[PDB]
Structures are given as structure tokens and as C-alpha cells.
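In the block that follows, a single chain appears as C-alpha cells, in the form deposited in one PDB entry.
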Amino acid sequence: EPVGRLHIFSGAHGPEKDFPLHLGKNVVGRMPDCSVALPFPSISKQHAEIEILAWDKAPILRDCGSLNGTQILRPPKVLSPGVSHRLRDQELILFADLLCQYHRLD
């Protein structure tokens, strides 16, 4: 039933984990209510949003005004708050210092 997966690689925070992604707004943040809950001090309560709409295959990543930022690698830059970045399958992203990878599902 999910349309994507976000994989968080193992690091200082702990072991690897996967998070299902659904159509609509997938909020990344430290809060337990978040679609992608990352309860780590470097992560803001509402850190970022991955919006997946049925009418476009590419998710839209936006930073939500986080302290430590959201970084993409195509090209390497910290995202300006609110500006859309369109994600490609298998794209790697950093939330603060946490490395993640987006996967499109069949």
C-alpha cells in the first residue's frame, strides 16, 4: 500500500530503518506524530516534508524551516525553506547529519 520508502542508514542515532511513504504529505520530524519520526536532537519538530501526488511520479521535498537544514546532492546544496526539490528514484538526502535514500515502489 505505500508508494515509496525512505531508508535511513545506520549512524550515531542508531541502526538502519525504513519508513513507508504514502500519497499526500509525509512530514519528517522529531515528533512521534510525524510520518517519518526521527526522535534525534539534531532534527527539528517539523523538519521537512515529502509530498507525493498521484499526478506526478516525482515526490516534492521541501525544508520546513529547520535549524540544521535539509541537504540535497544534485547538486550539493542546503534547501531554501519551502522551495520545491523534485526527487528521483534512489536519490540520497541529508536531514541534519542523517543520511537517507528515497525509493519508488512498484
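When you see a residue number, it is the position in the sequence shown, counting from 1.
Beyond what is shown, the protein has a form solved in complex with a partner chain; the following relates to that form.
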Heavy atom of residue 57 within 4.5 Å of the partner chain in the entry with it bound | no
Heavy atom of residue 35 within 4.5 Å of the partner chain in the entry with it bound = no
Evaluate residue 97 for contact with the partner chain in the entry with it bound, applying a 4.5 angstroms cut-off between non-hydrogen atoms, and reply yes or no.
-> yes
4.5 Å heavy atom contact, residue 44 to the partner chain in the entry with it bound = yes
